[PDB]
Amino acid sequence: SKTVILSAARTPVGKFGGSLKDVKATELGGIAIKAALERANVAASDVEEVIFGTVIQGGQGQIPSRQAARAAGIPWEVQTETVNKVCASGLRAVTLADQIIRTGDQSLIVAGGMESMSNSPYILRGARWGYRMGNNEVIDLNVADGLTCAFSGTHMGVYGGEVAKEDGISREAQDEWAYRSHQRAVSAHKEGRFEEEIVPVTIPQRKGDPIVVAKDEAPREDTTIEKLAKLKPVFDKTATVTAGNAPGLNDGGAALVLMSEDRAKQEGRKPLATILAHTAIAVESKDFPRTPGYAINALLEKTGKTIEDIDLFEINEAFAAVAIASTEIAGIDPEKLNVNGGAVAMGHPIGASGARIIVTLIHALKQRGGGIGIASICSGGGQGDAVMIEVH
């Protein structure tokens, strides 16, 4: 009747063309799943279902979730499906696992998300039946399937900047949040607050010692307000959104081991956390950046809780302006938001981020002596999802 989280692991997040560029999305998923199973002390052969999110499926091959499962050493006999809720994919994987466990149909599920935006292909839409004559387009699949609205063709970053302008969020407020996101991510790394959650990625090397990637690539200790203030708007000349106050494109994987509260008791397992509730809302595509505060308010109404009952928040930083506006919409103390840093500093590997923020939330709550947390994420197409957890 309730689902517990036994474990939660994430790869470091790599920059576009960076540290993880030679690692497939399914291999990043595999690494995070394998670490999650080891930390849970759960046998790969006892997993009943693998539910995994990824957005840019084109060119990843049949059922990417199954490739991630096999790369983790989960046997062929374990069922799986791949889910796509754009930026929310990795979080909806976890909330679907919760719903299936709650039916009693399964009691042990691996859920999470992966993305290698470095490795997305280019596509040709007219090569099958023929262009016949005239120049046409060769299409960046990250842009076509992940970063632009299927209805308007408008970049997600244009919508982020339109919402910041309508919310009255200044360029300077966005840059101050970007600075604090970097400084919190850098401090979290240096002070050992990401050592527990991260599973390093080992990349075999011809020349000698393998490359071990153990640190988030994108956070910068030398970030300053003065440097951020010099950047030009990146999606729209009239706007306040820059390369500095919004995440770029990234690579990463994250995974959680979920079990029914009953089975966990029977096996003498101490859960990392309990899933208390989740909810999702949907709006027009252009309003997607507004959804995290709305999803939190809906989840508080559903659970009969208020904002003061929550110890920590993770709101995925799709734009600095989203963190800022969600604060005002939900009445959140910013000191309780994204306390180890967020996507502006860390990156937004879109199919992974929903799972990545839950991994981060669990460890941040544990670091602060446990309590109630909410993870909330907006997604392309106009959705918002939120999950409430208790860390003991």
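The first residue of the sequence shown is number 1, and the count goes up from there.
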item: Residue range whose averaged C-alpha B-factor is higher in the record, 160-168 or 260-268; value: 260-268
item: Between 104-112 and 207-215 (mean CA B-factor, as deposited), the higher; value: 207-215
item: From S120, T202, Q99, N84, residue of greatest CA B-factor; value: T202
item: Member of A72, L141, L91, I225 with the greatest C-alpha B factor (per the PDB record); value: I225
item: For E317, the third of its chain into which the C-alpha B factor falls; value: lowest
item: Third of the chain, ranked by Cα B-factor, where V13 sits; value: lowest
item: Relative C-alpha B-factor of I372, binned into the chain's lowest, middle or highest third; value: highest
item: Third of the chain's Cα B-factor distribution that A255 belongs to, per the entry; value: lowest
item: Relative C-alpha B-factor of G248, binned into the chain's lowest, middle or highest third; value: middle
